[PDB]
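The structure appears right after this line, and notes come after that.
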Amino acid sequence: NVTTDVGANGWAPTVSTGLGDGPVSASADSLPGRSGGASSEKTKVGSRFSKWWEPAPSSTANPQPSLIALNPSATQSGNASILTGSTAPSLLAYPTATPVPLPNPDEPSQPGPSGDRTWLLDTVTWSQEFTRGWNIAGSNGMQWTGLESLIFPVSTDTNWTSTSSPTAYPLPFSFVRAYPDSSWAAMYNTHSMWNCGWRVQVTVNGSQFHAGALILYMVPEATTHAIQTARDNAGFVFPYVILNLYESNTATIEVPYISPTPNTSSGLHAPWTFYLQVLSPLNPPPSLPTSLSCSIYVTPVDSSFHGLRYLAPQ
Amino acid sequence: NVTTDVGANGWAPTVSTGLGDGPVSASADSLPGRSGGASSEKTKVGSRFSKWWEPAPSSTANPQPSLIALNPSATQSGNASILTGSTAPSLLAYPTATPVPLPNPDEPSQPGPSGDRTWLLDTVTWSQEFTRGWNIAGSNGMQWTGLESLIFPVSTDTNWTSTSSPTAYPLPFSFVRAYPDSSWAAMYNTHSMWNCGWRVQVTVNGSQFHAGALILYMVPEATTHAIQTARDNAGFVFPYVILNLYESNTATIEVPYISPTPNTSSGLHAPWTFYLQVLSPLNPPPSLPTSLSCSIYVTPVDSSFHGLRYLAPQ
Amino acid sequence: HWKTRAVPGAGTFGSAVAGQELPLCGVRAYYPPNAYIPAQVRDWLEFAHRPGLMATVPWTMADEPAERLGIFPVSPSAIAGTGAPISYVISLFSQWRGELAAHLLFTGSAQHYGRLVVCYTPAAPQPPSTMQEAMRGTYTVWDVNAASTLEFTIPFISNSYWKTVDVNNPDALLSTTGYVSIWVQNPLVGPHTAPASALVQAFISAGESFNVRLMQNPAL
Amino acid sequence: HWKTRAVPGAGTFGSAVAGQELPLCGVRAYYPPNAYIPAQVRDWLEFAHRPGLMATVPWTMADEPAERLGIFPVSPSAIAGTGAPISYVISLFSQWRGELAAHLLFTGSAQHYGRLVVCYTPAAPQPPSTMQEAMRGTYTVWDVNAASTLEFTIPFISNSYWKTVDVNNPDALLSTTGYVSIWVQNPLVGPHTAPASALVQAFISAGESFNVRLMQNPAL
Amino acid sequence: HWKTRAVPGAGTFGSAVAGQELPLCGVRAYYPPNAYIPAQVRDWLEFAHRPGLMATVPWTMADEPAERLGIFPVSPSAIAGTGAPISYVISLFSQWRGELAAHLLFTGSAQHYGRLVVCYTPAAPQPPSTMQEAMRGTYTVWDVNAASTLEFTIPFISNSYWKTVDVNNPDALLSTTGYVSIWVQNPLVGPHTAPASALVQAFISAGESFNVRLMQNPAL
Amino acid sequence: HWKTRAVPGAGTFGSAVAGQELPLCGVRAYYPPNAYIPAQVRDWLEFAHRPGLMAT
Amino acid sequence: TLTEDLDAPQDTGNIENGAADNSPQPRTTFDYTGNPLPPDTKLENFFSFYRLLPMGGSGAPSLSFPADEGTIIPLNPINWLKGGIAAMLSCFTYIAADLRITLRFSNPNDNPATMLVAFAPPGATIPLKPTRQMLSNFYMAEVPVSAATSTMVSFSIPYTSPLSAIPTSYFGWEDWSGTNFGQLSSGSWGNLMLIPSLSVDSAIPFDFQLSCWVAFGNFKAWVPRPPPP
Amino acid sequence: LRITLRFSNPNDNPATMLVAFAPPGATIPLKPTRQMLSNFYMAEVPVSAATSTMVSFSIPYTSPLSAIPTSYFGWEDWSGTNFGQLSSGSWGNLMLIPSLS
């Protein structure tokens, strides 16, 4: 239904000829190897040429009640569990993809239950003074608006200690720094490439008299423009779940693995970044605290590490 | 799988037309005649138009032992035989090709066992003072780096006697000069064209305490750039066998006939040239000679001579 | 040889014309496996279907009945500049049609009660001045204490099949469909020591029948 | 007559474009028989599969354990300038993949004994400083007195499917796969009056899964 | 309209290119009957097959044995300038192959007797100096008193499949096949009062396997 | 490549000539339903068949 | 595959025999697999693309010739190596293909010209004084050259060499007298004779600049040679 | 990728532009010359005098990555000198060289 040539999704004999030429297209590379790339879904050599020398979440039919009513749910990973007694969002942002053949032949090293588990990433305060689009982060977080000059390697203290409050939680950078002795971080500092998904949950307990909303954002490849648009009205294009005090005391969000390569380089690339920003400023009841405490959790989903060699931290 | 026209490997009717033109290609010439050209494989006339007046070598599954162990082999040609008691390389560099119809009708003259035999080409010394890429040659050899001004005919003494040491063994130039009274050289000086393959073997006996390696190179059409690249790291693209003192006391290499023409002109063209250069400088044991003697052998394989006429030497 | 004659416009470049490119790569290229990457998008409407905040409307206990809290015309002067994902898709094209999905999220307290009437009035020379005048069009009286978000459908009660996206002429007959306004039906109430105010987050996204055609340089 | 219109780029020459040549020879040519000529090559990888020396690493009896004898990054700064047949093929193209075959030929004495550990460590910000740190990657402890050559496979443990051949940026994530180094595991030993040193000839060639694409002007 | 793009070389004329002519005669022409005309030639080799004198070699009774009467190299310096019909055909093309037919016509007396040895020696750096040296190649001792003409075949004992017709380089390996010479084997004898001399007319024509290809401007 | 030769009148515009336009709209357009509109005329003679005063 | 092995296969071979063991050596927890062959490495495909031909002499990118007599450019591989594509061809001893050549004639003066390019077969007698009449006997093409700019034109020549395969290197002499060493004039696709033509008369004699591009059809190569340093 | 280039020529004399395609990951020459650019997949485009000349090209997905990122949170090299960039993550580089007779 277009006058232009969108491509035949491959290479055809009639495209390139000595009488006429059309736009050239690339075909799919058929490769053998170990299945990997996609998280939660991953599970004699001879040359083919002769040699010269050789011879529904949101529905009006199912309305979810406010904080008052009993509506319990739970999230489990490894030996960790987080419970709630009221309406709580818990969504995988994107559906898991299909596995792909890996270019490397080495068998992966898996941390298992010791690594893939729900970890207490950070504990932070949420005051009423924070306005719309205010990114909240604590001691384990990092000030990342995209304008900060990151001194390599990211483990340098100046990157995490700033004159103003931190804003982001770069994965796995923030997770590895929070728990450097974990089995996931042990393999992370020993392997050149990794692969896993990420699940972030935040618990904010407020009474039936408290009001306010927080958005749990998972930002892919966080850069200056991307972080600022996530603060704006269009930010909801990115994976999100809102923690509204009217009905919820917690909100969960999970995202599968993403990267230009099937395996991400350790200590040099942050595919996902968590952002806990304010949609509706905290509106606490009179004669009560003007701030509520928040507990941020992080969960690596289906981890695999390739390329074992010496210890090189981030 | 290319946008360009690589050619249909022949002449097609749709290529050249009054409406469109494509790249013209040449077809294979179907010719009758005597089978020749390829060594070791070679074994009423009327016009077709009316007249107006008329009505594995290297494998880990089969590791070859060092010089210490018994691993004998032999090379035979004519009434000549060369034995060894240790691991020795013996490879035909390229597989023999298929015969082609000859343009000439005359029956070939063959020297037989008297010509096709293993001849003692030269005896030369291999000292430890020779470094990487040092071409070794003796009295019967020729200084050929490609820069020497060869005075025609090649039989001129100035071509073989130089101020510096000789380096190459041009075939058949060096073979005919070493044995001018041989049946192969008798036909060589009587025939305008010849055809045969070449086998070169070198024997270097060193004790179990000696170390060093020599490469037996067979260089096609030896010219300035070709000879210098054979001395370098890329030289192994040319036919080669290494005579490593760790395991070997001899190394054999054979190459089939090559030439732009099915038969090579006598005294004017050297298809193959032998080069015995150093890979690892001789590393002799203390209190022992600083040089080892080497014996170079040459073997013409399946010879045939065409075009008999008067005696014209090289 | 073929006898040919050139028609007017020889050598002219066209963005919608096919068959102009010449091969600048001779070999057949093979792209690496990319099936492991999730979230594959193929249509611009997928962005429009995603949520997008358009207005943060405040609501206090002091607000009396028939008090206007917000009003916006369903014209390219507003719907193309809300900041929502849908407004960017609308600005890229010249024409639009179909229903619009409005989601009013009540981010107040669980102890708060009250009603906010959301009114949609079709095209008129003058917008509704009072609450009862706005309630003469398609409206929904929304009780805030139930499920968190209100699903308000803005029907495509239009004169023509398509509406123009021209910011220079938003009040045209072939451009605007009307006005959507929020009014205080029943005052915000709640126990003492509860918040005196409650924010309502207004989201806007594309409906199941929403469409856009005829591309242009972003309206804004 | 045919009504035609010229698209942009008329009269432009293309190296990858077909059907530009006009016949400069009218008769049908017949080439002479060439089946008698051996060693017919049809692919550039055939050159890469041929052996090629990259380093002449010395090894003496005085060399103690954990002593480094050689180290090179598997990046276009090294693998494209070794002097081997494979380095020329790599330099001709922009991308490469697959395993690399390393052959360490022991040209010492039959009376010599010892061990040299060959370590391959994947990509890292800093190369291995000590022997035990290098032995944390894919390695093979090689006893020199057995068969003459060591067959060490350099695995393609890569982040991406293809690696770039850019000499200007060799340490890039999409360029280097790591480092390959030689260390003295067990000191070179042998009887008295035997050579005090033994040279090891390091060869490098293409593996059975090695490939190269996207041609360019020789990197060096 | 057809979207077309011009390749390099527009408006260029080619002698081997077809489809360039435009009709300069509208009606269908009918040629008069020409079947009554004999001697229709269709190939250039037909001219080469016709006889052609190349040398008038004299022979007297005073000529002793081993005396040279004539010699010519089978190269483009001679075979393309004999004056024979075949030499013109050879000069028109760049390459030639096949056997050459030489016809030595004895125009002497019926009372004359003697022998002339015709020798063909393949390619060599130096031509034959004596009769016995020339007789080491393909020769035929011809007794003049039998049939009038001697049928001497010059065999194509060549290094390559084709020989070049380059007058600038006749002694090249890919140009000459050798030398053809005439020597007095047995002295010319006859009764008293018979002619003291006898002329031998040397003719040269193409053999049944003779061919020529790749046209050029006449070599001479 | 196709061997072509241009005939006289190259680049000339013709009102009765077809195949001169180049696409200035890439997408396939869909026109709104117009079957509700009456009085569809398809010929110029339909106007001629309608009455017309010529002289009083 | 096994995670550990007490009796694993050893990894030591012998490269002295003449061939490298390019097979991936088996390792625990490792799964070596092959890869599909790209069309980029095939010599029939690689040499089908055009590359700038080095002009005879020093291997220059361009050659300047007067408009009075013109120039003769040989299509000989050995003559091309005296300077790139020549370096790529030097990796092969013998080659045989159908040549594709594109010429570029840079015209400096303000008036248009016409170039006469005739194909002289390999082995043919090359005229001492190139004239319009003699070059017309060969397979020629008349190319119109524009003013103050360069004009490009492509040609196709099949394998017309008398040899079975054209050598890039030659150890020997061309003639039996032994005057020219390391050359074979016939071992080529022939010679291209150029003659400029002008309708107007210029007071100052100017020179044309020539640039050449070469591609190969049905490329066949024999007896590999080491790459250039 | 499909790309159309326009070369505006200011002077009164015609020219010729040499546009060569450098693959993503290939070494880009410091001094672009006619000989080196001819080794890449090139095209010689005639440029008219005192006006602009347009020419279209087609390049398939030749990037070594599975998908080209428009945003990148990390470093290109292991030394960490270039942040937020991936040179190979592209359709390559187009090298231009003007030519005058």
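Just so you know, the protein sequences line up as chains S, G, L, Z, A, F, B and D, in that order. Residues 13 to 55, 64 to 75, 112 to 370 (the deposited numbering) make up the first sequence, in order. Residues 13 to 55, 64 to 75, 112 to 370 (the deposited numbering) make up the second sequence, in order. Heads up, the final residue of the third sequence is numbered 220 in the deposited numbering, and it's a clean run with no missing numbers. Heads up, the final residue of the fourth sequence is numbered 220 in the deposited numbering, and it's a clean run with no missing numbers. Heads up, the final residue of the fifth sequence is numbered 220 in the deposited numbering, and it's a clean run with no missing numbers. Heads up, the final residue of the sixth sequence is numbered 56 in the deposited numbering, and it's a clean run with no missing numbers. Residues 1 to 83, 88 to 233 (the deposited numbering) make up the seventh sequence, in order. Heads up, the final residue of the eighth sequence is numbered 203 in the deposited numbering, and it's a clean run with no missing numbers. We put the CB at the ideal spot given by N, CA and C, even for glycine.
8 Å Cβ cut-off: residues of chain S touching residue i
{"i": "residue 8(L)", "result": "Residues of chain S passing the Cβ test: none, with the nearest at roughly 19 Å."}
Contact list for residue i against chain B, beta-carbon separation under 9 Å
{"i": "residue 138(G)", "result": "Ordered by position in chain B, no residue passes the 9 Å Cβ test against residue 138(G), which lies about 17 Å from the chain."}
Inter-residue Cα distance where the pair is residue i and residue j
{"i": "residue 315(G)", "j": "residue 53(B)", "result": "26 Å"}
{"i": "residue 143(G)", "j": "residue 182(Z)", "result": "27 Å"}
{"i": "residue 149(Z)", "j": "residue 188(Z)", "result": "17 Å"}
{"i": "residue 158(L)", "j": "residue 26(F)", "result": "27 Å"}
{"i": "residue 313(S)", "j": "residue 335(S)", "result": "27 Å"}
{"i": "residue 74(G)", "j": "residue 207(A)", "result": "16 Å"}
{"i": "residue 92(A)", "j": "residue 160(G)", "result": "24 Å"}
{"i": "residue 179(S)", "j": "residue 64(L)", "result": "41 Å"}
{"i": "residue 318(S)", "j": "residue 243(S)", "result": "18 Å"}
{"i": "residue 2(L)", "j": "residue 13(F)", "result": "21 Å"}
{"i": "residue 281(G)", "j": "residue 202(G)", "result": "8 Å"}
{"i": "residue 186(A)", "j": "residue 132(B)", "result": "46 Å"}
{"i": "residue 94(A)", "j": "residue 18(F)", "result": "53 Å"}
Within chain Z, the residues that residue i reaches when beta carbons sit closer than 8 Å
{"i": "residue 175(D)", "result": "Result: empty, since nearest Cβ-Cβ is about 13 Å, beyond 8 Å."}
Beta-bridge pairing of residue i - partner residues as DSSP gives them
{"i": "residue 105(B)", "result": "159(B), 218(B)"}
{"i": "residue 146(B)", "result": "13(A), 120(B)"}
{"i": "residue 70(L)", "result": "182(L)"}
{"i": "residue 3(Z)", "result": "5(L)"}
{"i": "residue 23(L)", "result": "160(D)"}
Continuous alpha helix (DSSP H) stretch holding residue i: start and end
{"i": "residue 137(B)", "result": "136 to 139"}
{"i": "residue 214(G)", "result": "213 to 216"}
{"i": "residue 92(A)", "result": "85 to 92"}
{"i": "residue 244(G)", "result": "239 to 244"}
Residues that residue i contacts on chain A, provided the C-beta gap is smaller than 9 Å
{"i": "residue 22(L)", "result": "5"}
Continuous beta strand (DSSP E) stretch holding residue i: start and end
{"i": "residue 153(A)", "result": "149 to 154"}
{"i": "residue 259(S)", "result": "247 to 259"}
{"i": "residue 117(A)", "result": "113 to 122"}
{"i": "residue 214(A)", "result": "211 to 215"}
{"i": "residue 202(A)", "result": "197 to 206"}
Residue i: contacting residues in chain B (beta-carbon distance under 8 Å)
{"i": "residue 115(D)", "result": "152, 153"}
Proximal chain L residues relative to residue i, where beta-carbon distance stays under 8 Å
{"i": "residue 232(G)", "result": "Neighbours of residue 232(G) on chain L: none; closest Cβ ~49 Å, over 8 Å."}
Sequence ranges, beta strand (DSSP E) only - wholly within the stretch 133 to 177 of chain G, length at least 3: 136 to 140, 146 to 148
Every unbroken alpha helix (DSSP H) within the stretch 268 to 327 of chain G, with a cutoff of 4 residues, ordered by chain: 280 to 287
Complete runs of the alpha helix (DSSP H) confined to the stretch 181 to 225 of chain B [at least 4 residues]: none
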